[PDB]
Amino acid sequence: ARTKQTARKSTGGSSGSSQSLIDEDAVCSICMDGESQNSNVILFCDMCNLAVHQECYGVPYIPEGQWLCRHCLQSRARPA
Ligand SMILES: [Zn+2]
Ligand SMILES: [Zn+2]
């Protein structure tokens, strides 16, 4: 599963840094990035845009394969 980690800091790697940065992170649904601990890990679906921290959703362990949320894993659950 795709897991992105981010750490908060008063003055970290920002305000230019290398005068060239291009990246687009995900947006958790359980929280509005207002209080997710100093370091958190977001999770994006492999067939969807379900972006939720594994701590926010309550995921016991992070699979070492594809991540299909209940909506998609259910869509293909019946089919074959
Ligand atoms: Zn969250
Ligand atoms: Zn999904």
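Virtual Cβ from ideal backbone geometry, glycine too; neighbours counted across all protein chains shown. FYI, it's all coordinate maths here, none of it is from the lab.
Using label points projected 7 Å from each Cα along Cα→Cβ, tell me how many nm separate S29 and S14, to one decimal.
Inter-label distance under the simple model: 2.7 nm.
Note down the net charge around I62, summing +1 for each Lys or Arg and -1 for each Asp or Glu among other residues with Cβ under 14 Å from its Cβ.
In short, -1.
How much length would be gained if the chain were fully extended between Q37 and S75, taking 0.36 nm per residue of separation minus their Cα-Cα distance, in nm to one decimal?
Here the answer is 10.3 nm.
Taking only the alpha-carbon atoms of the chain, what semi-axes of the equivalent ellipsoid follow from 5 times the gyration tensor eigenvalues under a square root, in whole Å, largest first?
29, 15, 10
If packing is taken as the average count of other Cβ atoms within 10 Å, what order do 4-13, 40-49 fall into, highest mean first?
Top to bottom by mean Cβ count within 10 Å: 40-49, 4-13.
What is the magnitude of the charge dipole of the chain about its Cα centre, with +1 placed on the Cβ of each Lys and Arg, -1 on the Cβ of each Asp and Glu, and no other charges, expressed in debye to the nearest 20?
The calculated dipole for the chain is roughly 240 debye.
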